[PDB]
Amino acid sequence: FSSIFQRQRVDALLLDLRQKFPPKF
Amino acid sequence: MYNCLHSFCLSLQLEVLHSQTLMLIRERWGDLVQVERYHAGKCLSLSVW
C-alpha cells in the first residue's frame, strides 16, 4: 500500500519571560 | 507586545555577549578580561587592564 546546546540559556530566558510576562487567556 | 518582545530580545543580546566573553576568556584572552558581575537579563560587567 536539532538543538545547538545553547538552548539551556534560551530556555531559562523563556522561564524568565513567562514570569515577567504571564499568559492571559 | 513591544514590551515583551523588546525585553526578551535585549536579554537575549546580553546572553550572547556573556557567552562571547566566556569564549574570549577560555580561548584567547584569559585573565586579561574578567567578568565582575553578571545578572541574567539585568547587567554584565567586565574588567580590563
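Here, each number is a calculation from the coordinates, and none is a lab measurement. Using ideal geometry, Cβ is built from the backbone for each residue, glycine included, and neighbour counts are taken over all protein chains shown.
Return one number: the angle in degrees, 0 to 90 and rounded to the nearest 10, between the long axis of the Cα atoms of helix B:2-26 and the longest principal axis of the Cα atoms of chain B.
That works out to roughly 10 degrees.
With only alpha-carbon pairs counted, each pair once and no self-pairs, how large is the Kirkwood hydrodynamic radius of chain B in angstroms? Working shown, then result.
Details: mean 1/r = 0.0859 Å⁻¹.
Across chain B, the inverse of the average 1/r is 11.6 Å.
With the cut-off at 1.5 for a/c, could you classify the protein assembly as shown from its C-alpha gyration tensor as rounded, prolate or oblate?
Values: a/c = 3.33, a/b = 1.60, b/c = 2.08.
Oblate, since a/c reaches 1.5 and b/c is not below a/b.
Using only atoms on other chains, find how many Cβ atoms lie within 10 Å of each Cβ of peptide B:20-31 and report the average.
On the way: counts 0, 0, 0, 0, 0, 0, 0, 0, 0, 0, 0, 0.
For peptide B:20-31, the averaged partner shielding equals 0.
Under 20 Å from the 7 Å Cα→Cβ point of B:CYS4, by amide nitrogen: which residues of region B:32-49?
Label zone hits: B:41.
Could you point to the residue in B:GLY41, A:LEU17, A:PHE5 farthest towards the positive end of the protein assembly as shown's charge dipole, with +1 and -1 charges on the Cβ of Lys/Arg and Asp/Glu respectively?
A:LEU17
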